[PDB]
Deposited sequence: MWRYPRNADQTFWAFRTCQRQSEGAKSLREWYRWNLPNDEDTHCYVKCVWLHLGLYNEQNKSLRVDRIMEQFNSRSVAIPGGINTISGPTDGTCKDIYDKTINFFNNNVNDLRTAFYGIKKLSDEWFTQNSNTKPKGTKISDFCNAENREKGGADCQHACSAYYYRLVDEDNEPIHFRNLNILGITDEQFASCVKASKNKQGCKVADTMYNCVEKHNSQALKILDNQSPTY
């Protein structure tokens, strides 16, 4: 189950993963400077980030406004105006989620960057002060191979790696919406790994890891190679 607020590693992972899933987009460079143009790839990039931050409720097709407000409160940022526009059900499309949130973004850019660690100084400070989280510039394998982290406190083999690959969350529950298609893992294959993982504790992590690797032996290697900055 997802934890709130989101930390600077968790927000960074959401931005970077969604950028990789749209890496051929015309507007990629604009996203890097916190500009979100009105085009289809940007619409779906925005939906992806809301989802990967844990702030899109797939059951009711609505933003988790309670958790968005919690992010601001926990970061000591004033709640912005225009929350009504971002609230309520969408029709599920990227276009609708973009249209509901673009003015909220445009009208609060720097407060949003503060709340979601989108400023280099604030992110750097979080990472320096949270040394038990994988640092920027360090591979998942190298970080998780240290301090016996892969044991997960117990007898596991991939407890840390499965978390940083976002196969499981902090509760060792599978992340159901993870998209590994470009790595050669279809939605059906990933779903089968989720289903295979009544397991308990870090054994969920190990089962996810071993199942993904069985489907494609390079998929997790590619994530590890991408992992210094995701």
Deposited-sequence ranges lacking CA coordinates, in order, are 198
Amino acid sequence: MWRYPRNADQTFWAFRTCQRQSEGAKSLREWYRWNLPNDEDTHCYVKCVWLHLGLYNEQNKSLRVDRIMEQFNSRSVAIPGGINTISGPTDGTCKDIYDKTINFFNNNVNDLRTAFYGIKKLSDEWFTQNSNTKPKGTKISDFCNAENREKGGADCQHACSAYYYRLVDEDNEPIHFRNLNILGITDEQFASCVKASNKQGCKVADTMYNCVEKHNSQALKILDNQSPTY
From here on, numbers count along this sequence of modelled residues.
Mean Cα B-factor check, 148 to 156 vs 79 to 87, entry values; winner is 148 to 156
The stretch whose C-alpha atoms carry the larger average B-factor in the entry, 167 to 175 or 66 to 74, is 167 to 175
Looking only at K26, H52, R33, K203, the Cα with the top B-factor belongs to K203
Among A115, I119, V109, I102, the highest C-alpha B-factor in the PDB entry belongs to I119
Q10: C-alpha B-factor third of its chain, per the entry, is the lowest
Quick tally, chain-level thirds of C-alpha B-factors: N216 sits in the highest
Chain-relative C-alpha B factor for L180 (record values, thirds): the middle
By the entry's values, the third containing the CA B factor of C193 is the middle
Temperature factor at the Cα of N38, chain-ranked in thirds, falls in the lowest
